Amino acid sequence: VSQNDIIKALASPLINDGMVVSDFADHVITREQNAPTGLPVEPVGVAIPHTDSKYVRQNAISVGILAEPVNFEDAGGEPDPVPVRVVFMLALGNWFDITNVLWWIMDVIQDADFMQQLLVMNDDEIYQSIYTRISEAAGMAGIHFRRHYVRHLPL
């Protein structure tokens, strides 16, 4: 899988559900190229690909679990790429939403045991687990997260 392949696969449910505009994936791709979203966290690399809120209709997150790592560029410019296994595609409507969701994500990904679990669980289990955590966070109110917003790649 390439980065663009992943972005398109994860954008699909959001486009289909009307959460974002028809060309959302193209914009995430261009945004990714200018502003990489590889997060060099251990032991499971994460990416948070997204674009601008003008392409978002309702707030949503689409999750991809990658069987093999896929390199994303480090958001901070370091030459070592990020070996991404977990991808949180973000579709957010304003900077208040962006702030609340970034804070939640940066916290969740510090849970090493949780992040290892994401790599062995099936889609039902991953959906249950993330949904549950989303539901306990006031800051995540108003974010759509449906069972078809989780998938393993390749599909």
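Note that residue numbering follows the sequence shown and begins at 1.
Participant: Ranking every modelled residue in this chain by its Cα temperature factor as given in the entry, which third contains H152?
Facilitator: Highest third.
Participant: Lowest, middle or highest third: which one holds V20 when the chain's residues are ordered by CA B-factor from the entry?
Facilitator: Lowest third of the chain for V20's C-alpha B-factor.
Participant: Once the chain's modelled residues are ordered by C-alpha B factor and cut into thirds, is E125 in the lowest, middle or highest one?
Facilitator: Ranked within chain, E125 CA B lands in the highest tercile.
Participant: Sorting the chain's modelled residues by C-alpha B-factor, tell me whether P49 ends up in the lowest, middle or highest third.
Facilitator: For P49, whose C-alpha B-factor we compare with every modelled residue in the chain, the answer is the lowest third.
Participant: Ranking every modelled residue in this chain by its Cα temperature factor as given in the entry, which third contains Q116?
Facilitator: Highest third.
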